[PDB]
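Printed here is input.cif (mmCIF, C-alpha atoms):
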```cif
data_run
#
loop_
_atom_site.label_atom_id
_atom_site.label_comp_id
_atom_site.auth_asym_id
_atom_site.auth_seq_id
_atom_site.Cartn_x
_atom_site.Cartn_y
_atom_site.Cartn_z
CA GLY Y 1 -43.69 39.48 -37.64
CA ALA Y 2 -41.63 37.57 -35.08
CA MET Y 3 -40.77 34.05 -33.96
CA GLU Y 4 -40.10 32.45 -30.60
CA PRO Y 5 -36.65 31.15 -29.62
CA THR Y 6 -36.13 27.44 -30.22
CA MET Y 7 -33.26 25.20 -29.10
CA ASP Y 8 -32.17 21.74 -30.25
CA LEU Y 9 -31.04 19.58 -27.32
CA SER Y 10 -31.42 16.19 -29.05
CA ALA Y 11 -27.64 15.64 -28.80
CA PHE Y 12 -27.80 15.52 -24.98
CA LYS Y 13 -30.77 13.19 -24.44
CA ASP Y 14 -28.45 10.60 -22.92
CA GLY Y 15 -26.37 13.38 -21.36
CA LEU Y 16 -22.79 14.58 -21.66
CA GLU Y 17 -19.87 12.46 -20.45
CA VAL Y 18 -16.51 14.23 -20.13
CA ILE Y 19 -13.19 12.79 -18.96
CA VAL Y 20 -10.93 15.22 -17.08
CA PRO Y 21 -9.29 17.46 -18.27
CA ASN Y 22 -10.90 17.44 -21.73
CA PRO Y 23 -13.16 20.45 -22.35
CA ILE Y 24 -16.89 20.42 -21.73
CA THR Y 25 -18.33 21.68 -25.02
CA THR Y 26 -22.09 22.29 -25.32
CA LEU Y 27 -23.27 23.54 -28.72
CA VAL Y 28 -27.02 24.13 -29.07
CA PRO Y 29 -28.60 25.08 -32.43
CA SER Y 30 -30.82 28.12 -31.87
CA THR Y 31 -33.52 29.82 -33.94
CA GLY Y 32 -35.73 32.84 -33.38
CA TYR Y 33 -36.54 36.24 -34.92
CA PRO Y 34 -35.44 38.63 -33.43
CA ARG Y 35 -32.19 36.84 -32.59
CA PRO Y 36 -32.46 35.53 -29.00
CA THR Y 37 -30.08 36.32 -26.16
CA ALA Y 38 -28.12 33.46 -24.58
CA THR Y 39 -27.83 33.06 -20.80
CA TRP Y 40 -25.82 30.22 -19.26
CA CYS Y 41 -26.32 28.94 -15.71
CA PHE Y 42 -24.58 26.18 -13.76
CA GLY Y 43 -26.98 25.19 -11.02
CA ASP Y 44 -28.58 28.31 -9.57
CA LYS Y 45 -25.57 30.46 -10.53
CA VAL Y 46 -25.18 32.55 -13.67
CA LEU Y 47 -22.06 31.78 -15.68
CA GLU Y 48 -19.97 34.55 -17.19
CA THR Y 49 -16.82 34.33 -19.31
CA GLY Y 50 -13.61 34.17 -17.31
CA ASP Y 51 -10.66 31.76 -17.29
CA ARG Y 52 -12.12 28.26 -17.66
CA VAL Y 53 -15.57 29.63 -18.57
CA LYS Y 54 -15.82 30.62 -22.24
CA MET Y 55 -18.96 31.32 -24.26
CA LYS Y 56 -19.73 32.34 -27.84
CA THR Y 57 -22.89 33.04 -29.82
CA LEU Y 58 -23.47 32.86 -33.56
CA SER Y 59 -26.70 33.43 -35.44
CA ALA Y 60 -27.18 29.66 -35.70
CA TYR Y 61 -26.19 28.49 -32.21
CA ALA Y 62 -25.06 29.33 -28.69
CA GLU Y 63 -22.08 27.47 -27.26
CA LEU Y 64 -20.56 27.01 -23.80
CA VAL Y 65 -17.01 25.72 -23.27
CA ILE Y 66 -15.46 24.83 -19.90
CA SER Y 67 -11.73 24.07 -20.26
CA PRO Y 68 -9.96 22.46 -18.49
CA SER Y 69 -12.65 20.30 -16.87
CA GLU Y 70 -12.69 19.49 -13.16
CA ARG Y 71 -14.70 17.11 -11.02
CA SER Y 72 -16.47 20.12 -9.48
CA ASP Y 73 -17.93 20.99 -12.91
CA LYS Y 74 -20.42 18.12 -12.59
CA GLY Y 75 -24.03 19.26 -12.48
CA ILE Y 76 -26.87 20.55 -14.64
CA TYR Y 77 -26.20 23.41 -17.05
CA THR Y 78 -29.14 25.55 -18.14
CA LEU Y 79 -29.43 27.65 -21.31
CA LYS Y 80 -31.97 30.48 -21.52
CA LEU Y 81 -32.83 31.96 -24.93
CA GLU Y 82 -34.80 35.22 -24.85
CA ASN Y 83 -36.32 37.50 -27.47
CA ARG Y 84 -39.44 39.70 -27.47
CA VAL Y 85 -41.78 36.75 -28.11
CA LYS Y 86 -40.82 34.38 -25.28
CA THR Y 87 -38.06 33.21 -22.94
CA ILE Y 88 -37.21 29.51 -23.12
CA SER Y 89 -34.96 27.38 -20.91
CA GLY Y 90 -33.34 23.99 -21.37
CA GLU Y 91 -31.09 21.85 -19.21
CA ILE Y 92 -28.06 19.66 -19.91
CA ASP Y 93 -26.91 17.14 -17.28
CA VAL Y 94 -23.10 16.94 -17.43
CA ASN Y 95 -21.22 14.13 -15.68
CA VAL Y 96 -17.47 14.78 -15.41
CA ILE Y 97 -15.62 11.57 -14.57
CA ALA Y 98 -11.90 10.90 -14.19
CA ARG Y 99 -9.53 7.99 -13.59
CA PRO Y 100 -9.23 5.94 -10.36
CA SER Y 101 -6.72 6.63 -7.63
CA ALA Y 102 -4.13 4.17 -6.49
CA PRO Y 103 -4.92 0.89 -4.72
CA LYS Y 104 -4.26 0.97 -0.99
CA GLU Y 105 -2.13 -1.19 1.32
CA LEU Y 106 -0.46 -3.34 -1.32
CA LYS Y 107 1.17 -6.27 0.49
CA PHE Y 108 3.01 -9.37 -0.69
CA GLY Y 109 3.48 -12.73 0.99
CA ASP Y 110 3.18 -16.51 0.73
CA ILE Y 111 6.32 -16.61 -1.42
CA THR Y 112 6.69 -20.10 -2.88
CA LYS Y 113 9.28 -21.32 -5.38
CA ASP Y 114 7.26 -19.92 -8.30
CA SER Y 115 4.44 -17.72 -6.94
CA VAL Y 116 3.86 -14.57 -4.89
CA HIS Y 117 0.51 -13.72 -3.31
CA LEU Y 118 -0.56 -10.07 -3.47
CA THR Y 119 -3.37 -8.41 -1.50
CA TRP Y 120 -4.63 -4.82 -1.72
CA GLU Y 121 -7.55 -2.59 -0.72
CA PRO Y 122 -9.84 -0.41 -2.83
CA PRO Y 123 -8.72 3.07 -3.87
CA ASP Y 124 -10.01 6.17 -2.13
CA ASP Y 125 -11.68 7.63 -5.24
CA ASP Y 126 -13.02 5.62 -8.17
CA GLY Y 127 -13.15 8.73 -10.36
CA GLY Y 128 -16.93 9.13 -10.44
CA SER Y 129 -17.21 5.87 -12.38
CA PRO Y 130 -17.60 2.20 -11.39
CA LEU Y 131 -14.32 0.31 -11.09
CA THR Y 132 -14.00 -2.10 -14.01
CA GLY Y 133 -11.18 -4.09 -12.43
CA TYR Y 134 -7.55 -4.13 -11.36
CA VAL Y 135 -4.35 -4.49 -13.38
CA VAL Y 136 -1.37 -6.54 -12.16
CA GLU Y 137 2.12 -5.93 -13.55
CA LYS Y 138 5.59 -7.26 -12.79
CA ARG Y 139 9.22 -6.54 -13.68
CA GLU Y 140 12.49 -8.22 -12.72
CA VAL Y 141 14.83 -5.73 -11.07
CA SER Y 142 17.38 -6.36 -13.81
CA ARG Y 143 14.93 -5.72 -16.66
CA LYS Y 144 13.57 -2.29 -17.57
CA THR Y 145 10.04 -2.98 -18.89
CA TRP Y 146 6.89 -3.80 -16.95
CA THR Y 147 4.88 -6.78 -18.20
CA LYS Y 148 1.16 -7.18 -17.48
CA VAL Y 149 0.33 -10.32 -15.50
CA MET Y 150 -3.47 -9.93 -15.48
CA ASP Y 151 -6.13 -7.33 -16.22
CA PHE Y 152 -9.75 -6.85 -15.12
CA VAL Y 153 -9.05 -8.55 -11.79
CA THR Y 154 -12.30 -8.37 -9.81
CA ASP Y 155 -10.76 -9.27 -6.43
CA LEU Y 156 -8.60 -7.64 -3.77
CA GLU Y 157 -5.99 -10.41 -4.10
CA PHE Y 158 -4.03 -12.15 -6.83
CA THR Y 159 -1.37 -14.87 -6.95
CA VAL Y 160 1.38 -14.07 -9.47
CA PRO Y 161 2.53 -17.32 -11.14
CA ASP Y 162 5.46 -18.40 -13.33
CA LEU Y 163 8.13 -16.72 -11.20
CA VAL Y 164 11.72 -17.96 -11.50
CA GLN Y 165 14.07 -18.81 -8.64
CA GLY Y 166 17.04 -16.57 -7.95
CA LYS Y 167 15.29 -13.50 -9.35
CA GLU Y 168 14.02 -10.36 -7.64
CA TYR Y 169 10.70 -8.97 -8.85
CA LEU Y 170 8.83 -5.70 -8.54
CA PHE Y 171 5.04 -5.59 -8.48
CA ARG Y 172 2.56 -2.78 -9.04
CA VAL Y 173 -1.24 -2.83 -9.11
CA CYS Y 174 -3.56 -0.26 -10.69
CA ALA Y 175 -7.29 0.41 -10.60
CA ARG Y 176 -9.26 0.67 -13.83
CA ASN Y 177 -12.13 2.87 -15.02
CA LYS Y 178 -13.93 3.39 -18.30
CA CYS Y 179 -11.35 6.16 -18.71
CA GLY Y 180 -8.46 3.76 -18.16
CA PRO Y 181 -6.07 2.71 -15.41
CA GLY Y 182 -5.04 5.12 -12.69
CA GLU Y 183 -2.00 5.85 -10.59
CA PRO Y 184 -0.14 2.65 -9.57
CA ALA Y 185 0.76 1.38 -6.12
CA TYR Y 186 4.15 -0.29 -5.78
CA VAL Y 187 5.49 -2.81 -3.27
CA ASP Y 188 7.45 -1.54 -0.28
CA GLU Y 189 10.52 -3.67 -1.03
CA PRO Y 190 11.46 -6.05 -3.86
CA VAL Y 191 10.42 -9.70 -3.66
CA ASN Y 192 13.25 -12.25 -3.77
CA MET Y 193 12.51 -15.95 -4.24
CA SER Y 194 16.03 -17.07 -3.30
CA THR Y 195 16.38 -15.34 0.10
CA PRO Y 196 19.70 -16.81 1.29
CA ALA Y 197 19.39 -18.04 4.86
CA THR Y 198 21.06 -16.12 7.69
CA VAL Y 199 22.07 -16.71 11.31
CA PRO Y 200 19.26 -16.52 13.90
CA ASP Y 201 18.45 -13.56 16.14
CA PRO Y 202 19.53 -13.38 19.78
CA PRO Y 203 17.31 -14.81 22.51
CA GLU Y 204 15.11 -12.22 24.14
CA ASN Y 205 14.05 -12.85 27.78
CA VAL Y 206 16.84 -14.49 29.76
CA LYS Y 207 15.69 -14.94 33.37
CA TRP Y 208 16.97 -16.89 36.36
CA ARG Y 209 15.47 -18.92 39.19
CA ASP Y 210 16.62 -21.47 41.80
CA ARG Y 211 19.97 -19.83 42.50
CA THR Y 212 22.30 -21.77 44.80
CA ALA Y 213 26.01 -21.66 45.65
CA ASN Y 214 26.91 -24.03 42.78
CA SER Y 215 23.98 -23.85 40.35
CA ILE Y 216 21.43 -21.60 38.68
CA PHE Y 217 18.47 -22.30 36.40
CA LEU Y 218 18.10 -20.11 33.31
CA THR Y 219 15.07 -19.62 31.05
CA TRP Y 220 15.00 -17.67 27.79
CA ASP Y 221 12.69 -16.99 24.87
CA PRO Y 222 13.25 -18.24 21.33
CA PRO Y 223 14.03 -15.49 18.83
CA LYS Y 224 11.44 -14.27 16.36
CA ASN Y 225 13.59 -14.70 13.22
CA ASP Y 226 15.20 -18.12 12.82
CA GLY Y 227 17.15 -16.78 9.83
CA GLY Y 228 15.48 -19.10 7.32
CA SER Y 229 16.89 -22.22 9.01
CA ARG Y 230 15.59 -24.35 11.86
CA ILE Y 231 16.82 -23.47 15.35
CA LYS Y 232 19.16 -26.38 16.08
CA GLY Y 233 19.75 -25.42 19.71
CA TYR Y 234 21.18 -22.91 22.16
CA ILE Y 235 24.51 -22.19 23.87
CA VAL Y 236 24.66 -20.69 27.37
CA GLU Y 237 27.73 -18.66 28.33
CA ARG Y 238 29.08 -17.31 31.61
CA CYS Y 239 31.21 -14.36 32.69
CA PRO Y 240 32.72 -13.94 36.18
CA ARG Y 241 32.97 -10.44 37.59
CA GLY Y 242 36.77 -10.42 37.73
CA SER Y 243 37.19 -11.11 34.01
CA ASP Y 244 35.90 -10.28 30.54
CA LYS Y 245 36.12 -13.89 29.30
CA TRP Y 246 32.82 -15.55 28.37
CA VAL Y 247 32.96 -19.30 29.05
CA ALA Y 248 30.52 -21.82 27.61
CA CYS Y 249 28.34 -23.70 30.11
CA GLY Y 250 27.92 -27.40 29.44
CA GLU Y 251 27.12 -28.24 25.82
CA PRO Y 252 24.56 -27.09 23.23
CA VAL Y 253 21.00 -27.87 24.30
CA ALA Y 254 17.80 -28.02 22.26
CA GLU Y 255 15.55 -26.57 25.00
CA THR Y 256 14.83 -23.02 26.13
CA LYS Y 257 16.05 -23.99 29.62
CA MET Y 258 19.36 -24.99 31.19
CA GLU Y 259 20.68 -25.49 34.72
CA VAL Y 260 24.24 -24.17 34.86
CA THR Y 261 26.43 -26.01 37.37
CA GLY Y 262 30.05 -25.94 38.50
CA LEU Y 263 29.70 -22.40 39.84
CA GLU Y 264 32.08 -21.27 42.58
CA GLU Y 265 30.44 -20.03 45.78
CA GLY Y 266 30.89 -16.33 46.45
CA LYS Y 267 31.46 -15.34 42.81
CA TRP Y 268 29.23 -13.07 40.73
CA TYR Y 269 28.30 -14.30 37.24
CA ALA Y 270 26.44 -12.86 34.26
CA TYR Y 271 24.80 -15.11 31.67
CA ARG Y 272 23.95 -14.92 27.97
CA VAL Y 273 22.49 -17.29 25.37
CA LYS Y 274 22.99 -17.80 21.63
CA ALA Y 275 20.65 -19.36 19.06
CA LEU Y 276 22.11 -21.95 16.67
CA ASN Y 277 21.09 -23.02 13.18
CA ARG Y 278 22.80 -24.39 10.07
CA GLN Y 279 24.36 -21.05 9.10
CA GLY Y 280 26.07 -20.64 12.49
CA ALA Y 281 25.32 -19.05 15.86
CA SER Y 282 23.34 -15.89 16.56
CA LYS Y 283 24.65 -12.85 18.36
CA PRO Y 284 24.49 -13.38 22.13
CA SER Y 285 21.38 -12.33 24.01
CA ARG Y 286 21.42 -9.26 26.23
CA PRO Y 287 23.47 -10.40 29.25
CA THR Y 288 21.73 -10.70 32.58
CA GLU Y 289 22.80 -8.95 35.77
CA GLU Y 290 25.75 -10.15 37.84
CA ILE Y 291 24.31 -12.73 40.25
CA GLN Y 292 26.21 -13.84 43.35
CA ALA Y 293 26.49 -17.61 43.77
CA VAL Y 294 25.21 -18.13 47.32
CA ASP Y 295 22.60 -20.33 48.94
CA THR Y 296 19.37 -18.90 50.31
CA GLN Y 297 19.46 -17.57 53.88
CA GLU Y 298 17.22 -16.62 56.81
#
```

Kindly present the structure from the file in structure tokens form.
Amino acid sequence: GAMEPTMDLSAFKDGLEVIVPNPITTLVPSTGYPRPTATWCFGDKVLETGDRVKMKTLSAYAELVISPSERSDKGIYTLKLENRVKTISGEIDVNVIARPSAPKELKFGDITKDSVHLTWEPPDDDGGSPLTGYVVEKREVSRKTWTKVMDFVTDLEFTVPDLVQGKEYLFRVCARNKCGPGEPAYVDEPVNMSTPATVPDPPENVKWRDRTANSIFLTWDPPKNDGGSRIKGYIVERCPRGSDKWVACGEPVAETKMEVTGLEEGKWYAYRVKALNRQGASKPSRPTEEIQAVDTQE
């Protein structure tokens, strides 16, 4: 008398879902007289015990354990039971998922009195599972606990409300899976609602045209950073060659142009401009070359 090997795979009809690094455990009830021999294969490769691969056989079952699990362990595992009657083979499709990576290119902007707009980009790896959403958290730089602003955000942007003036905030955004949230992405610098205004930046492109014995016409470019306050005007200054004293030309003007006059013929002058706002005056622009006051010739 004898009996064929039989295996019970009814526990894997849906499949096997494993979150890294939890072990992949496949226990299959086996029957058969004589007792069948177990053979484990991952893909077209025969598995044998060693490090992460561990196998055991009892009279009632054959079991395969892969610990710790990796993403590369995903595939179809095959169990062959063999006695003198017959050789049977069954397959188990194992999906090994993990948690998402961190959102990319987290930026902040559009800072109002009570809101901060945040935009990000999808993470590189979703962890072998569809992204369920994004998680938005905040924390004032004085406080030590992160509070969740919103979860399951299905967009690449979010406007954080209910922010208080005079406070600095940190922001981090995570990506979510069925396994849970992943590594967070933080903001490059803290976000400050207050932002006390500063003095402007120097003008940038001071150039000259229409140079005579007593006059010159100067043009410059407005600075990029106004310092948080409106550019009230500009101040043009002058330095003769034989001195290191910068003298102001005329009076403050609201335009990016000025015609300096009163120049003495035969002298060489350099010129520089400052940008004015409520907080004061900027640092002077890069001074121009020393230009001789003389009328055109030939």

**Prompt:** Restricting the calculation to only C-alpha atoms, which member of Y:97, Y:85, Y:248, Y:55 is positioned closest to residue 72 (chain Y)?
**Reply:** Y:97

**Prompt:** If we count only C-alpha atoms, what is near residue 50 (chain Y) at a cut-off of 12 Å, once residues fewer than 6 positions away on the same chain are taken out, given as an NGL selection string?
**Reply:** :Y and (64-67)

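Distance annotation: of Y:201, Y:137, Y:126, Y:91, the residue with the minimal separation from residue 226 (chain Y) is Y:201; atom set is all atoms listed in the file.
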
Which residues are close to residue 190 (chain Y), i.e. within 7 Å by only C-alpha atoms, leaving aside same-chain residues fewer than 5 positions away? Reply as a PDB file with C-alpha atoms, in the frame of the given file.
```pdb
ATOM      1  CA  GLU Y 168      14.020 -10.360  -7.640  1.00  0.00           C
ATOM      2  CA  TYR Y 169      10.700  -8.970  -8.850  1.00  0.00           C
ATOM      3  CA  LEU Y 170       8.830  -5.700  -8.540  1.00  0.00           C
TER       4      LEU Y 170
END
```

**Asked** Which distance in Å separates CA of residue 135 (chain Y) and CA of residue 153 (chain Y), to one decimal?
**Response** 6.4 Å

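Here CA of residue 296 (chain Y) and CA of residue 209 (chain Y) stand 11.8 Å from one another.
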
**Distance criterion (all atoms listed in the file): nearest to residue 80 (chain Y) out of Y:95, Y:7, Y:59, Y:124** = Y:7

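Residue nearest residue 11 (chain Y) within the list Y:106, Y:187, Y:213, Y:27: Y:27 [criterion: smallest interatomic distance, all atoms listed in the file].
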
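If you count all atoms listed in the file and draw a sphere of 8 Å around (-25.3, 32.6, -28.4), the protein and nucleic acid residues inside it come out as residues 30, 36, 37, 38, 55, 56, 57, 58, 59, 61, 62 and 63 of chain Y.
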
**Item:** For residue 102 (chain Y), the nearest of the candidates Y:1, Y:203, Y:127, Y:43, counting all atoms listed in the file
**Value:** Y:127

**Request:** Starting from the shown file, work through the PyMOL selection byres ((chain Y and resi 280) around 12) and note down what comes out as number ranges by chain.
**Result:** Y: 197-201, 226-235, 274-279, 281-283

**Request:** For CA of residue 159 (chain Y) and CA of residue 130 (chain Y), determine how far apart the two atoms are, in Å to one decimal place.
**Result:** 24.0 Å

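Using all atoms listed in the file, the smallest distance between any of Y:154, Y:273, Y:245, Y:239 and residue 202 (chain Y) comes from Y:273.
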
Please put the answer as AutoDock Vina command-line options: centre and edge lengths, in Å with one decimal, of a box along x, y and z that encloses all listed atoms of region 211-215 of chain Y plus 5 Å on each side.
```
--center_x 23.4 --center_y -21.9 --center_z 43.0 --size_x 16.9 --size_y 14.2 --size_z 15.3
```

**Request:** Neighbourhood query: residues within 8 Å of (-9.9, -1.4, -14.1), file coordinates, counting only C-alpha atoms; return as a PyMOL selection string.
**Result:** chain Y and resi 131-135+151-153+174-178+180-181

**Prompt:** Could you pull the residues within 7 Å of region 255-269 of chain Y, counting all atoms listed in the file, minus those fewer than 6 positions along the same chain, as a ChimeraX atom specification?
**Reply:** /Y:213-222,233,238-241,249,290-294

**Prompt:** Which residues, written as a VMD selection string, have at least one atom at most 7 Å from residue 8 (chain Y), with only C-alpha atoms counted and residues fewer than 2 positions away on the same chain left out?
**Reply:** chain Y and resid 6 10 28 to 30

**Request:** Would you list the contacts of residue 103 (chain Y) as a VMD selection string, taking every protein, DNA or RNA residue within 7 Å and counting only C-alpha atoms, but skipping same-chain residues closer than 2 positions in sequence?
**Result:** chain Y and resid 101 105 120 to 123 173 to 175 185

**Asked** Just so the selection is clear, what residues does the PyMOL selection byres ((chain Y and resi 271) around 6) cover here, as number ranges by chain?
**Response** Y: 237-238, 270, 272, 287-288

**Request:** Specify as an MDAnalysis selection string each residue included when the PyMOL selection byres ((chain Y and resi 114) around 8) is applied to this file.
**Result:** chainID Y and resid 111:113 115:116 161:165 193

What would region 191-206 of chain Y look like with N, CA, C and O atoms restored, written as an mmCIF file, keeping the file's coordinate frame?
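Contents of the output file result.cif:
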```cif
data_model
loop_
_atom_site.group_PDB
_atom_site.id
_atom_site.type_symbol
_atom_site.label_atom_id
_atom_site.label_comp_id
_atom_site.auth_asym_id
_atom_site.auth_seq_id
_atom_site.Cartn_x
_atom_site.Cartn_y
_atom_site.Cartn_z
ATOM 1 N N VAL Y 191 10.727 -8.334 -4.069
ATOM 2 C CA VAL Y 191 10.420 -9.700 -3.660
ATOM 3 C C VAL Y 191 11.492 -10.615 -4.238
ATOM 4 O O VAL Y 191 11.704 -10.640 -5.457
ATOM 5 N N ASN Y 192 12.162 -11.369 -3.370
ATOM 6 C CA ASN Y 192 13.250 -12.250 -3.770
ATOM 7 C C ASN Y 192 12.884 -13.687 -3.432
ATOM 8 O O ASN Y 192 12.671 -14.018 -2.260
ATOM 9 N N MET Y 193 12.816 -14.537 -4.460
ATOM 10 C CA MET Y 193 12.510 -15.950 -4.240
ATOM 11 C C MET Y 193 13.635 -16.630 -3.468
ATOM 12 O O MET Y 193 13.382 -17.389 -2.527
ATOM 13 N N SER Y 194 14.884 -16.363 -3.860
ATOM 14 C CA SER Y 194 16.030 -17.070 -3.300
ATOM 15 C C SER Y 194 16.098 -16.910 -1.791
ATOM 16 O O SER Y 194 15.960 -17.886 -1.045
ATOM 17 N N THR Y 195 16.292 -15.673 -1.323
ATOM 18 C CA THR Y 195 16.380 -15.340 0.100
ATOM 19 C C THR Y 195 17.390 -16.244 0.787
ATOM 20 O O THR Y 195 17.009 -17.226 1.440
ATOM 21 N N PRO Y 196 18.684 -15.957 0.651
ATOM 22 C CA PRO Y 196 19.700 -16.810 1.290
ATOM 23 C C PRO Y 196 19.564 -16.758 2.801
ATOM 24 O O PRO Y 196 19.434 -15.684 3.391
ATOM 25 N N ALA Y 197 19.605 -17.933 3.423
ATOM 26 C CA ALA Y 197 19.390 -18.040 4.860
ATOM 27 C C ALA Y 197 20.499 -17.325 5.625
ATOM 28 O O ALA Y 197 21.631 -17.195 5.151
ATOM 29 N N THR Y 198 20.155 -16.859 6.823
ATOM 30 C CA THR Y 198 21.060 -16.120 7.690
ATOM 31 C C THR Y 198 21.132 -16.819 9.045
ATOM 32 O O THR Y 198 20.510 -17.862 9.273
ATOM 33 N N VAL Y 199 21.914 -16.228 9.942
ATOM 34 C CA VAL Y 199 22.070 -16.710 11.310
ATOM 35 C C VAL Y 199 20.870 -16.223 12.111
ATOM 36 O O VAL Y 199 20.274 -15.192 11.764
ATOM 37 N N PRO Y 200 20.455 -16.935 13.161
ATOM 38 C CA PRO Y 200 19.260 -16.520 13.900
ATOM 39 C C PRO Y 200 19.454 -15.200 14.642
ATOM 40 O O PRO Y 200 20.533 -14.599 14.607
ATOM 41 N N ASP Y 201 18.399 -14.743 15.301
ATOM 42 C CA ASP Y 201 18.450 -13.560 16.140
ATOM 43 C C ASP Y 201 18.713 -13.949 17.586
ATOM 44 O O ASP Y 201 18.489 -15.098 17.980
ATOM 45 N N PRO Y 202 19.212 -13.024 18.404
ATOM 46 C CA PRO Y 202 19.530 -13.380 19.780
ATOM 47 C C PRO Y 202 18.281 -13.755 20.549
ATOM 48 O O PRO Y 202 17.168 -13.301 20.223
ATOM 49 N N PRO Y 203 18.412 -14.610 21.564
ATOM 50 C CA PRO Y 203 17.310 -14.810 22.510
ATOM 51 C C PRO Y 203 16.920 -13.500 23.178
ATOM 52 O O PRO Y 203 17.668 -12.519 23.170
ATOM 53 N N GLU Y 204 15.728 -13.488 23.769
ATOM 54 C CA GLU Y 204 15.110 -12.220 24.140
ATOM 55 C C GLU Y 204 14.905 -12.021 25.633
ATOM 56 O O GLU Y 204 15.162 -10.923 26.136
ATOM 57 N N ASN Y 205 14.443 -13.036 26.372
ATOM 58 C CA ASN Y 205 14.050 -12.850 27.780
ATOM 59 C C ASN Y 205 14.763 -13.869 28.656
ATOM 60 O O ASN Y 205 14.154 -14.830 29.129
ATOM 61 N N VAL Y 206 16.047 -13.631 28.896
ATOM 62 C CA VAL Y 206 16.840 -14.490 29.760
ATOM 63 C C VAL Y 206 16.534 -14.141 31.213
ATOM 64 O O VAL Y 206 16.751 -13.005 31.647
#
```
